[PDB]
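Undergrad: Structure supplied as structure_36.cif; contents: mmCIF, C-alpha atoms.
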data_final
#
loop_
_atom_site.label_atom_id
_atom_site.label_comp_id
_atom_site.auth_asym_id
_atom_site.auth_seq_id
_atom_site.Cartn_x
_atom_site.Cartn_y
_atom_site.Cartn_z
CA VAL A 63 0.00 0.00 0.00
CA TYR A 64 1.45 3.31 -1.13
CA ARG A 65 0.77 5.60 1.88
CA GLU A 66 0.48 9.30 1.32
CA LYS A 67 3.41 11.06 2.98
CA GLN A 68 1.61 14.33 3.90
CA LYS A 69 -1.49 14.52 6.11
CA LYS A 70 -4.35 15.45 3.73
CA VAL A 71 -8.11 15.79 4.26
CA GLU A 72 -10.36 16.15 1.24
CA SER A 73 -7.32 16.96 -0.89
CA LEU A 74 -6.02 19.70 1.44
CA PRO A 75 -3.19 19.92 3.98
CA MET A 76 -4.68 18.95 7.35
CA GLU A 77 -3.95 22.27 9.02
CA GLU A 78 -5.56 24.15 6.07
CA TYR A 79 -8.63 21.93 6.41
CA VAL A 80 -8.76 22.87 10.15
CA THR A 81 -8.53 26.56 9.15
CA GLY A 82 -11.57 26.03 6.90
CA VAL A 83 -13.57 24.26 9.63
CA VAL A 84 -12.85 27.04 12.19
CA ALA A 85 -13.92 29.75 9.72
CA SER A 86 -17.07 27.78 8.89
CA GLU A 87 -17.99 27.35 12.57
CA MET A 88 -16.93 30.41 14.60
CA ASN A 89 -17.23 34.11 13.83
CA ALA A 90 -13.94 35.58 12.72
CA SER A 91 -14.43 38.70 14.87
CA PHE A 92 -14.12 36.55 18.03
CA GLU A 93 -11.09 36.80 20.30
CA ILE A 94 -7.98 34.93 19.15
CA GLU A 95 -7.87 32.69 22.26
CA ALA A 96 -11.49 31.61 21.54
CA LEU A 97 -10.55 30.73 17.94
CA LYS A 98 -7.56 28.74 19.27
CA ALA A 99 -9.99 26.83 21.48
CA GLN A 100 -12.24 26.15 18.43
CA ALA A 101 -9.19 24.89 16.46
CA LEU A 102 -8.46 22.23 19.10
CA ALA A 103 -12.10 21.13 18.89
CA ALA A 104 -12.11 20.97 15.08
CA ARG A 105 -8.75 19.23 14.95
CA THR A 106 -9.97 16.75 17.60
CA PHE A 107 -12.93 15.71 15.36
CA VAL A 108 -10.64 15.55 12.26
CA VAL A 109 -8.04 13.21 13.79
CA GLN A 110 -10.87 11.03 15.14
CA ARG A 111 -12.49 10.74 11.69
CA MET A 112 -9.13 9.86 10.08
CA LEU A 113 -8.28 7.25 12.70
CA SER A 114 -11.56 5.39 12.19
CA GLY A 115 -11.89 4.90 8.42
CA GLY A 116 -11.58 8.47 7.18
CA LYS A 117 -15.39 8.71 7.25
CA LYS A 118 -16.93 12.19 6.95
CA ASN A 119 -19.08 12.21 10.14
CA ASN A 120 -17.77 13.38 13.52
CA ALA A 121 -17.97 11.14 16.63
CA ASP A 122 -20.15 13.72 18.36
CA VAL A 123 -22.27 12.76 21.34
CA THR A 124 -24.85 15.26 20.05
CA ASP A 125 -27.19 14.93 17.02
CA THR A 126 -25.82 16.66 13.89
CA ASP A 129 -22.51 17.08 9.42
CA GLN A 130 -22.62 20.73 8.32
CA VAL A 131 -21.29 23.23 5.71
CA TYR A 132 -17.62 23.81 4.90
CA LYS A 133 -17.80 27.42 3.64
CA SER A 134 -16.11 28.28 0.34
CA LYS A 135 -13.96 31.34 -0.23
CA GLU A 136 -16.70 32.86 -2.37
CA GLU A 137 -19.03 32.84 0.67
CA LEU A 138 -16.40 33.76 3.30
CA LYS A 139 -15.85 36.98 1.31
CA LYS A 140 -19.57 37.74 1.51
CA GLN A 141 -19.57 36.95 5.24
CA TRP A 142 -16.41 38.89 6.07
CA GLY A 143 -17.00 41.54 3.42
CA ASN A 144 -13.79 43.53 2.99
CA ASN A 145 -12.14 42.37 6.26
CA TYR A 146 -11.72 38.98 4.55
CA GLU A 147 -7.93 39.24 4.44
CA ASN A 148 -7.39 40.14 8.12
CA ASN A 149 -9.89 37.53 9.33
CA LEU A 150 -8.27 34.83 7.22
CA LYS A 151 -4.86 35.55 8.75
CA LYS A 152 -6.33 35.63 12.25
CA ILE A 153 -7.80 32.17 11.90
CA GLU A 154 -4.57 30.89 10.30
CA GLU A 155 -2.49 32.12 13.23
CA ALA A 156 -4.88 30.52 15.71
CA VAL A 157 -4.56 27.20 13.89
CA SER A 158 -0.81 27.23 13.29
CA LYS A 159 -0.25 28.37 16.88
CA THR A 160 -2.02 25.19 18.04
CA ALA A 161 -0.68 23.01 15.19
CA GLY A 162 -1.13 19.28 15.91
CA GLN A 163 -3.01 19.75 19.22
CA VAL A 164 -6.07 17.71 20.12
CA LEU A 165 -8.31 17.27 23.12
CA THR A 166 -8.19 13.94 24.91
CA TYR A 167 -9.49 12.05 27.91
CA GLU A 168 -7.75 8.96 29.23
CA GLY A 169 -5.52 9.00 26.17
CA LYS A 170 -8.30 9.04 23.54
CA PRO A 171 -9.81 11.89 21.53
CA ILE A 172 -12.99 13.28 23.05
CA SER A 173 -16.35 14.33 21.56
CA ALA A 174 -15.34 18.02 21.38
CA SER A 175 -18.95 19.15 21.23
CA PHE A 176 -19.65 22.86 20.90
CA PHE A 177 -22.56 25.19 20.33
CA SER A 178 -23.19 28.90 19.93
CA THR A 179 -24.62 30.25 23.21
CA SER A 180 -25.65 28.72 26.53
CA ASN A 181 -28.65 29.67 28.68
CA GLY A 182 -26.21 30.30 31.57
CA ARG A 183 -24.99 26.69 31.87
CA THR A 184 -23.82 23.71 29.81
CA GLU A 185 -25.28 20.18 29.96
CA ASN A 186 -24.20 16.91 31.51
CA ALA A 187 -24.00 14.28 28.79
CA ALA A 188 -24.24 10.52 29.10
CA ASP A 189 -24.24 7.59 26.65
CA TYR A 190 -27.35 5.72 25.51
CA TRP A 191 -27.42 3.61 28.73
CA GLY A 192 -26.97 6.63 31.01
CA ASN A 193 -23.25 6.25 31.74
CA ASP A 194 -21.72 9.73 32.06
CA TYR A 195 -19.16 11.22 29.69
CA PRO A 196 -16.86 12.52 32.45
CA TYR A 197 -15.48 15.44 30.43
CA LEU A 198 -18.99 16.68 29.44
CA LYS A 199 -20.23 18.03 32.79
CA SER A 200 -22.69 20.87 33.38
CA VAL A 201 -20.60 23.98 34.07
CA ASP A 202 -21.40 27.64 34.66
CA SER A 203 -21.13 29.87 31.53
CA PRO A 204 -22.11 33.37 32.75
CA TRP A 205 -20.61 35.33 29.83
CA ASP A 206 -23.45 34.13 27.56
CA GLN A 207 -25.95 36.51 29.22
CA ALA A 208 -24.40 39.33 27.25
CA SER A 209 -24.65 37.44 23.89
CA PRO A 210 -26.85 38.84 21.08
CA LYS A 211 -28.35 35.32 20.72
CA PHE A 212 -29.04 34.91 24.45
CA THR A 213 -32.78 35.53 24.46
CA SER A 214 -35.05 34.87 21.47
CA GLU A 215 -38.69 34.45 20.61
CA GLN A 216 -40.51 32.13 18.17
CA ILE A 217 -44.18 32.47 17.33
CA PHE A 218 -46.47 29.71 16.05
CA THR A 219 -50.19 29.54 15.35
CA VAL A 220 -51.98 27.18 17.74
CA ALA A 221 -52.95 24.89 14.84
CA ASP A 222 -49.35 24.61 13.50
CA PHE A 223 -47.88 24.16 17.01
CA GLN A 224 -50.45 21.46 17.79
CA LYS A 225 -49.70 19.66 14.53
CA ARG A 226 -45.91 19.80 14.73
CA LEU A 227 -45.94 18.33 18.26
CA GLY A 228 -49.08 16.23 17.66
CA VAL A 229 -50.83 17.51 20.81
CA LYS A 230 -53.78 19.58 21.93
CA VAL A 231 -52.82 22.66 23.96
CA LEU A 232 -53.90 23.03 27.64
CA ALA A 233 -56.94 25.17 28.51
CA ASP A 234 -55.02 27.18 31.08
CA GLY A 235 -53.62 29.15 28.16
CA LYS A 236 -50.44 27.71 29.66
CA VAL A 237 -49.79 25.60 26.55
CA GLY A 238 -48.06 22.58 28.08
CA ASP A 239 -46.65 22.14 31.55
CA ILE A 240 -42.89 21.99 31.92
CA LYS A 241 -42.26 19.11 34.32
CA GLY A 242 -38.62 19.50 35.32
CA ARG A 243 -35.26 20.92 34.38
CA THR A 244 -31.80 19.51 33.88
CA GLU A 245 -28.71 20.46 35.88
CA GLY A 246 -28.09 22.73 32.86
CA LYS A 247 -31.58 24.28 33.42
CA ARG A 248 -32.89 23.02 30.07
CA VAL A 249 -36.41 21.56 29.89
CA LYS A 250 -36.54 17.84 30.74
CA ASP A 251 -40.18 16.92 29.96
CA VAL A 252 -43.41 18.53 28.80
CA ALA A 253 -46.93 17.12 29.42
CA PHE A 254 -50.10 17.71 27.40
CA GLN A 255 -53.45 15.87 27.86
CA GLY A 256 -52.51 12.26 27.03
CA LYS A 257 -49.04 12.90 25.66
CA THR A 258 -45.57 13.78 26.91
CA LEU A 259 -42.44 14.84 25.06
CA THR A 260 -38.89 15.55 26.12
CA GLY A 261 -37.67 19.14 25.86
CA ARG A 262 -35.17 17.98 23.32
CA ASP A 263 -37.94 16.45 21.19
CA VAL A 264 -39.91 19.71 21.45
CA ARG A 265 -36.84 21.64 20.34
CA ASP A 266 -36.49 19.42 17.23
CA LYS A 267 -40.16 19.36 16.18
CA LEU A 268 -40.49 23.13 16.53
CA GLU A 269 -36.87 23.94 15.54
CA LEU A 270 -36.39 26.00 18.70
CA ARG A 271 -33.13 27.89 19.29
CA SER A 272 -32.59 25.70 22.40
CA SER A 273 -34.35 23.37 24.80
CA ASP A 274 -34.44 26.02 27.55
CA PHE A 275 -37.77 27.63 26.85
CA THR A 276 -40.97 29.00 28.38
CA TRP A 277 -44.19 29.64 26.53
CA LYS A 278 -47.57 31.38 26.58
CA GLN A 279 -50.67 31.67 24.49
CA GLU A 280 -51.65 35.06 23.00
CA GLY A 281 -55.01 34.75 21.27
CA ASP A 282 -54.55 32.03 18.62
CA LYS A 283 -50.75 32.07 18.81
CA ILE A 284 -48.13 30.41 21.01
CA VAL A 285 -45.15 32.62 21.93
CA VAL A 286 -42.07 30.64 22.83
CA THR A 287 -39.18 32.39 24.51
CA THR A 288 -35.83 30.61 24.46
CA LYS A 289 -32.56 31.19 26.31
CA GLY A 290 -29.40 30.09 24.50
CA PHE A 291 -28.74 28.77 20.99
CA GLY A 292 -27.54 25.21 20.34
CA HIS A 293 -27.55 21.83 22.13
CA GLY A 294 -25.64 23.15 25.22
CA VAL A 295 -23.20 20.23 25.36
CA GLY A 296 -19.52 20.96 25.76
CA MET A 297 -18.09 24.31 24.76
CA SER A 298 -20.10 27.51 24.40
CA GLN A 299 -18.64 29.65 21.60
CA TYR A 300 -19.91 32.92 23.09
CA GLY A 301 -18.69 31.66 26.48
CA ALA A 302 -15.17 31.00 25.16
CA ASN A 303 -15.13 34.51 23.69
CA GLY A 304 -16.25 35.99 27.04
CA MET A 305 -13.48 34.12 28.85
CA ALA A 306 -10.98 35.29 26.27
CA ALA A 307 -12.20 38.89 26.75
CA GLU A 308 -11.34 38.65 30.48
CA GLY A 309 -7.78 37.52 29.60
CA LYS A 310 -7.97 33.72 29.61
CA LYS A 311 -5.97 31.52 27.22
CA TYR A 312 -7.29 28.71 25.05
CA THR A 313 -5.98 26.14 27.56
CA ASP A 314 -8.07 27.71 30.31
CA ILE A 315 -11.12 27.83 28.05
CA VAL A 316 -11.02 24.16 27.10
CA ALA A 317 -10.27 23.14 30.69
CA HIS A 318 -13.36 24.97 31.82
CA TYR A 319 -15.75 23.36 29.30
CA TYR A 320 -14.28 19.85 29.14
CA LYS A 321 -13.61 18.66 32.73
CA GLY A 322 -10.32 16.78 33.09
CA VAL A 323 -9.42 17.23 29.41
CA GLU A 324 -5.74 16.82 28.48
CA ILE A 325 -4.12 18.46 25.48
CA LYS A 326 -2.03 15.98 23.51
CA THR A 327 -0.07 16.09 20.31
CA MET A 328 -1.47 13.80 17.60
CA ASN A 329 1.95 12.35 16.70
CA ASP A 330 1.46 9.86 19.59
CA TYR A 331 -1.34 8.10 17.69
#
Could you write out this file's structure as structure tokens?

TA:
Amino acid sequence: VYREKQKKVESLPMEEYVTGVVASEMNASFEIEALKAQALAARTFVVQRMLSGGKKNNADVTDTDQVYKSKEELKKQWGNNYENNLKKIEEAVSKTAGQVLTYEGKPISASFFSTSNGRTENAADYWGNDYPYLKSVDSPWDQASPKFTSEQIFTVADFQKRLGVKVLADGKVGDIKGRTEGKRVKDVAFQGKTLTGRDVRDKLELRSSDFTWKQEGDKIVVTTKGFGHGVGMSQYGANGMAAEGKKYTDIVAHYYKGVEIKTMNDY
């Protein structure tokens, strides 16, 4: 077997691929230490993919694949600042070249999401065994995020159809039965049917599973806190930490409990 001498991913040098993933996933205007943290997370998923068949899907504990932005569209996103942003992301990647996030020697599920509701989530496998590096932590910087609070409006008929339920008479829609350690909704009950908060988020395409709701006339107004699954690293949180002077190593240590930064050469 003739083995390729250079590390390539979809025909590109590995580090350049990482640069592309970072730019596709985190806003370029974010602090450099936050981008460095995102590069470890992207590189962690890349190495994992390559070490297990070279498949395209990440070994993410959360439900997901997503866009790898082209230059054409990064110019439209970054407008004229394209050049400076590109170089910023390149520095962040090269500065962390070869670094990945591990736990007990193996690459982790370096899960990330845009904005928390104030906290991240505990994650466990299908059988309920905890992922020890995905623990619910405090993420107070997200309060100041532009995507912290949000509202989504649905007609009663659409809402009822999408969730396959009849709304409560109280005008209270559906009763929220409990919250997670991350303060996200655990379960919702309607007359004769119950759904998990996560299932409600998917069926309605909510910004997050931390929500409250009310009925206004023939409409349901849903107010969410956060944006994304809430597992692992908050992007807005990492930026907040970086704004108060913390390094990428501090950021990852905060969001992934007990994580160890290794060089990939070992593998």

Undergrad: Sorted by chain and rising residue number, list the residues of segment 234-331 of chain A at most 7 Å from segment 212-222 of chain A (counting all atoms listed in the file), each with its closest atom pair and distance in Å to one decimal, as a Markdown table.

TA:
| residue | atom | partner | partner_atom | distance |
| --- | --- | --- | --- | --- |
| A:282 | CA | A:220 | CA | 5.6 |
| A:283 | CA | A:219 | CA | 4.3 |
| A:284 | CA | A:218 | CA | 5.3 |
| A:285 | CA | A:217 | CA | 4.7 |
| A:286 | CA | A:216 | CA | 5.1 |
| A:287 | CA | A:215 | CA | 4.4 |
| A:288 | CA | A:214 | CA | 5.3 |
| A:289 | CA | A:213 | CA | 4.7 |
| A:290 | CA | A:212 | CA | 4.8 |

Undergrad: Kindly assemble as JSON lines a list of the segment 198-300 of chain A residues that lie within 10 Å of segment 110-135 of chain A, each paired with its nearest atom pair and their distance in Å to one decimal, using only C-alpha atoms, sorted first by chain and then by ascending residue number.

TA:
{"residue": "A:198", "atom": "CA", "partner": "A:123", "partner_atom": "CA", "distance": 9.6}
{"residue": "A:293", "atom": "CA", "partner": "A:124", "partner_atom": "CA", "distance": 7.4}
{"residue": "A:294", "atom": "CA", "partner": "A:124", "partner_atom": "CA", "distance": 9.5}
{"residue": "A:295", "atom": "CA", "partner": "A:124", "partner_atom": "CA", "distance": 7.5}
{"residue": "A:296", "atom": "CA", "partner": "A:124", "partner_atom": "CA", "distance": 9.7}

Undergrad: Once the PyMOL selection byres ((chain A and resi 92-98) around 10) is applied to the coordinates I shared, what remains selected? I want it as JSON, numbers by chain.

TA: {"A": [81, 84, 85, 87, 88, 89, 90, 91, 99, 100, 101, 102, 103, 104, 149, 152, 153, 154, 155, 156, 157, 158, 159, 160, 161, 298, 299, 300, 301, 302, 303, 304, 305, 306, 307, 309, 310, 311, 312, 313, 314, 315, 316]}

Undergrad: Choose the residue, out of A:227, A:325, A:268, A:165, that has the smallest atom-to-atom separation from residue 109 of chain A; count all atoms listed in the file.

TA: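 Nearest to residue 109 of chain A: A:165.
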
Undergrad: Hey, can you check how far atom CA of residue 200 of chain A sits from atom CA of residue 292 of chain A?

TA: 14.6 Å

Undergrad: Just give me the gap between atom CA of residue 232 of chain A and atom CA of residue 265 of chain A in Å, one decimal is fine.

TA: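 Between these atoms lies a distance of 18.6 Å.
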
Undergrad: Select, counting all atoms listed in the file, all protein, DNA and RNA residues no farther than 9 Å from (-26.9, 37.8, 35.9) in file coordinates, and express the selection as a PyMOL selection string.

TA: chain A and resi 182+204+207

Undergrad: Would you write out, as a list in words, every residue that the PyMOL selection byres ((chain A and resi 239) around 12) captures in this file?

TA: residues 231, 232, 233, 234, 235, 236, 237, 238, 240, 241, 242, 243, 249, 250, 251, 252, 253, 254, 255, 257, 258, 259, 260, 261, 275, 276, 277 and 278 of chain A

Undergrad: What does the distance from atom CA of residue 187 of chain A to atom CA of residue 199 of chain A come to in Å, to one decimal?

TA: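 Atom CA of residue 199 of chain A lies 6.7 Å from atom CA of residue 187 of chain A.
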
Undergrad: Could you check the closest approach to residue 205 of chain A for each of A:228, A:266, A:180, A:246 and tell me which residue wins, using all atoms listed in the file?

TA: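 Nearest candidate to residue 205 of chain A out of A:228, A:266, A:180, A:246: A:180.
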
Undergrad: For residue 327 of chain A, which of A:169, A:201, A:226, A:143 is the closest residue, counting all atoms listed in the file?

TA: A:169

Undergrad: Could you tell me which residues the PyMOL selection byres ((chain A and resi 168) around 10) grabs in this file, written as a ChimeraX atom specification?

TA: /A:166-167,169-172,322-324
